[PDB]
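>>> Dropping in the first section of the assembly, placed as in the complex:
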Amino acid sequence: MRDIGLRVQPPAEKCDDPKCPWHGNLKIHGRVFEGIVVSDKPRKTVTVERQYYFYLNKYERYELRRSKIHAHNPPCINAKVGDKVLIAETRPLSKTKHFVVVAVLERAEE
Amino acid sequence: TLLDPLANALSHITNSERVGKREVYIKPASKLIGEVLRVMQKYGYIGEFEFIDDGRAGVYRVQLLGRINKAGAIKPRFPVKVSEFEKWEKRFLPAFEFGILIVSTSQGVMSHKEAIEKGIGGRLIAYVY
Amino acid sequence: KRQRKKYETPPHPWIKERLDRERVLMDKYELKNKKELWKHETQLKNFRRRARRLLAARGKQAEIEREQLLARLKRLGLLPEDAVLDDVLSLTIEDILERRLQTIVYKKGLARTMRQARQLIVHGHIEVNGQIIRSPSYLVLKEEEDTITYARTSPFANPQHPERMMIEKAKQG
Amino acid sequence: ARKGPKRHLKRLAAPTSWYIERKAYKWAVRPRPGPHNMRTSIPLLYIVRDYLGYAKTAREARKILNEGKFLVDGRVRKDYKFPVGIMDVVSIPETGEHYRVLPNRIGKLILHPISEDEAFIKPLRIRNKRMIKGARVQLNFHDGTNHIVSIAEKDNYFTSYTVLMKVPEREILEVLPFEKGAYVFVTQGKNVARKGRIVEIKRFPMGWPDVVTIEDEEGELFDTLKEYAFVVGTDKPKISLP
Amino acid sequence: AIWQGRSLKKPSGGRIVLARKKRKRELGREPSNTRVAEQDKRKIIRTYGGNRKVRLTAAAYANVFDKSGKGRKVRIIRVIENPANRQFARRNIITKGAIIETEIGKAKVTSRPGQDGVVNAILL
């Protein structure tokens, strides 16, 4: 148990990677969002989706937009599709990976 | 397929009025509808009203007093803050304070003038004058 | 960034009603251009614009701006000291036309004619508050109304300038 | 395109803390890097020309600075681009005049005159603490100055405490601590040029600093950030504060 | 040049047109390719902002370390295995993480000759 600074319990598994914020050298600084896993096929990778409503100044109605974000999935938690997860800005890691999972708020089966 | 109780209710009221009957029986009765019916009755636009347990959805019985020029339901529930009511009031009223607007606010659905006095915005639901 | 004209052209240049009304007005006050009348109407209209925005305005800034408006209106000599916002709408163009410097100086008897007052103003023969003004379109505050006086160096300042005799006879005549 | 470091600063872009007419001319003094930030400082040249009216033309002002007649924090400075920042003491011995730099309620800086006896004390916020080789403790202040002290004296200081610094000889006089109920003068924000007392410290995670709540003299409560809170006394201000 | 910059392709795939020329602050430098020899040959390199960095083009000695923490300066005979590439071990190339054979025996390199200019390793 090492502190990440975010109010969430730590993953039970202790992995040996250098890229687990709970079990590695990397840090966290920047926003925290929440979202859902939509795809997990690439290794140690996750595409988090986020829906939200946007306002049209000329039409005074709402546009529901879907936003995706790539992020890294450490093995300790092993995020899968259908799961509500918490995401934090992180050091640049790949061509596009710039966010990391910190926890799984609620898995798919629930 | 019936989809909005309130709009059918207020339309039914106006369509009774332009004839000018005495008693109206709003078949789609709901708690929010009853709150609304209280609102303008507190400015006596209607006489008494009563709830009738029909076993299915309730029915509201209402007397008219012949004082409703037009009573429409703002359907797209525009949310509005306090400071700009005059634009929306001008959107749905003939003259300065010539009638009311019904706003759903954090405390409970009721009229707009007090909502300015209490200084709380909300979501427009109906207008009438 | 470009500076805008200070006046608003009429939406139609040949309405008989408005044309003849303006004609009567500039006959009364002997202005040089309808542009001038339009400018005066413009500031009239902007006073009213402020009044109308404020009359429906709620908020501390609104009240402060309202008091500023009332105070400036009073200071111009266009309203009574007990004036209230409601009356400002009733302000007419003629209320401002009277407050024109040229109309004031003619109304002081110091001129036989409106255009003679104009000639004096351009020629500087008039002074206000110890400073000379050459513009007959300037709007005079109430507080200065008592100080409107002949410019010292002006030949008209002396009580012997032959035109001033005719001025005095017109005043008494 | 631009290719590195600037050397100019157009008047129109100048910081909002400077009582400088902006459309009279186009070119101003770019401050060189120094103790205080761009947002909380002004060149001394403008202090001489505007805020004191001693010099009408910048050349003459520079001449007077060349004479070295000016004592900021008990040090003469000839640099007519010196950032003279917040809570500095400007002293003119030729005139026996002493002011302290302090912001306005609006967010602009003024020279509040102070007594001569106060002119030697300068309170410095403790920005951060660090360990340097030899196990020595170095404290970095809000104004960028640095003070070295022993390992034993490390706990005498903590970040966000105020040290009354004796600028003429660099001697530490007193350490006002940050605890509930101190007297604090605000530095930046909407609550600028406010002075009050502390009731609560809001521990904010997720990248957001400590929001202290300040209770004014009249009892009104407001909030500001930790870094904007500058302690000046345990219960009353130890310096003349408008 | 050696340009360590934008990928010409978007993540989705749409090819990206360039809109400006490359920048000297953005270019890289050649590979060191540290090799086994009888003497240490090194090149100092002026770098971005006036810094310096020394680079081993030929290496003769290594600092091996015991798990206890005691270090031995020794010679380097040959490289056993280079996980970074298969061509490197064949050509006595020296890189961090490589398995090397010295007089003491098997060591794993825990330092980068390219940037450090010395080679440190752990006895296995």
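Done, it's in. Numbering: from 1, shown residues only, chains lettered A, B, ... in the order given.
>>> wait, what's in contact with the nearest residue to residue B:79 once chain neighbours are set aside?
Distances taken as Cβ to Cβ, 6 or more residues apart in numbering or on different chains place residue B:123 nearest to residue B:79, at 4.8 Å, with adjacent residues excluded. No exception for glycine: its C-beta is placed from N, CA and C like everyone else's. With contact taken as Cβ atoms under 8 Å, 6 or more residues apart in numbering or on different chains, residue B:123 is in contact with B:77-80, B:103-105.
>>> go on, residue A:58?
Residue A:58 neighbours (Cβ under 8 Å, 6+ apart): none.
>>> what sits against whatever residue of chain A ends up closest to chain B?
Proximity of chain A to chain B (Cβ to the nearest Cβ) peaks at residue A:60, 6.5 Å away. Counting by Cβ under 8 Å, 6+ apart, residue A:60 touches B:76, B:78.
>>> before we move on, the earlier item: what about the residue nearest to residue B:79, distance to chain A?
Separation of residue B:123 from chain A (Cβ to the nearest Cβ, to the nearest Å) stands at 13 Å.
>>> okay, chain F goes in next:
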Amino acid sequence: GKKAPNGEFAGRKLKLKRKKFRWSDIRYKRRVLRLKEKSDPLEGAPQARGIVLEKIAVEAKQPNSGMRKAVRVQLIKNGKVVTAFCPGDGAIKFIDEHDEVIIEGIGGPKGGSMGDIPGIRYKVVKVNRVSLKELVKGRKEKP
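To build on what is shown above, here is chain F added in:
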């Protein structure tokens, strides 16, 4: 039925609908696709300089009868050939073969034809850098 959609969460398709029908008009589509700027013989220029070749007279469309004088000109800018109407009385007398001229649009409805002359889109204003109207008045002299 009721005009649709109007709901809280339907703004997107309402916007799409209006963008689709924004193609229904003519002026907006003409502006966005810049049809004139690829059909324009004047290349957006209010006035253009040309060289005249030939004098041509035409008959007013019926019931209006009258012989209108005009000229055909090749544009110095690009080289297209276009006819410009000569307004005034005795105008053609001043103009002759091989004359430098300056020409603008006729100011018809949408810039089109005017009144009793067919298709003519332009009128001369200056000939050899001397303005037509004063020569029509005769105050000045052609070079």
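>>> The contacts of residue A:58 again please, this time with chain F.
Shown in contact with residue A:58 (Cβ under 8 Å, 6+ apart): residue F:15.
>>> Please apply the same query to residue D:48.
By Cβ under 8 Å, 6+ apart, the contact set of residue D:48 is D:54-55, D:61, D:64-65, D:70.
>>> my read is it is in a helix, agree?
Yes: the assignment for residue D:48 by DSSP: H, G, I helix; E, B strand; the rest coil puts it in a helix.
>>> Once you drop chain neighbours, what's closest to whatever residue of chain D ends up closest to chain F?
As assessed by Cβ to the nearest Cβ, chain F sits closest to residue D:206 within chain D, at 30.8 Å. Nearest non-adjacent residue to residue D:206, counting by Cβ to Cβ, 6+ apart: residue A:32, 6.7 Å away.
>>> Look up which residues are beta-bridged to that neighbour.
Taking DSSP bridges, one obtains residue A:88 as the residues bridged to residue A:32.
>>> so what's the closest residue to chain F within chain A up against?
The nearest approach of chain A to chain F comes at residue A:61, 3.2 Å away (Cβ to the nearest Cβ). Neighbouring residues of residue A:61 by Cβ under 8 Å, 6+ apart: A:55, B:76, F:6-11, F:14.
>>> Sequence for chain G below, add it please:
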Amino acid sequence: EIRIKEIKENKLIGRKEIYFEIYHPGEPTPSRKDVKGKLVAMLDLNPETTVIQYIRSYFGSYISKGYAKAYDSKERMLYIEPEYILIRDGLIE
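So, slotting chain G in with the rest:
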């Protein structure tokens, strides 16, 4: 006539700074020599050390603003006050 609105003392520069107003009703704006030789009287100043910078003649006014220096030594004005105004006052050819 001349009426002084203000006299202040630049002690860092050892000089007196004088703001004043000149009353000239109906008569042209005065020459520099006369205003200098007449202001020199009523503050007990040396002519050489005193310099007048600007006499602003107002439009449509019989009052002209005036603003002038008064140093304490010959060397300081040469060192500080730039040559042009010395030429205007004649203190340098």
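>>> again for the contacts of residue A:60, since chain G is there now?
B:76, B:78, F:11.
>>> Ramachandran coordinates for the residue of chain G at minimum distance from chain C?
With Cβ to the nearest Cβ as the measure, residue G:60 is the residue of chain G nearest to chain C, at 3.3 Å. Main-chain torsions, residue G:60, degrees, to the nearest 10: phi 60, psi 40.
>>> show me where the chain has helices.
Picking chain A for this. For chain A, no helices are identified by DSSP state H.
>>> Correction: the question concerned chain D.
Under DSSP H, chain D gives helices at D:44-46, D:58-66.
>>> Any part of the first one near chain G?
No: Helix D:44-46 is not in contact with chain G by Cβ under 8 Å from any Cβ of the partner chain; minimum separation 13.2 Å.
>>> List the buried residues for that helix?
D:44-46 (16 or more other Cβ atoms under 10 Å in any protein chain shown).
>>> now do stretch F:119-129
Neighbour-count burial for stretch F:119-129 flags F:120-127 (criterion: 16+ other Cβ under 10 Å).
>>> next one: stretch A:94-105
In stretch A:94-105, counting by 16+ other Cβ under 10 Å, buried: A:97-104.
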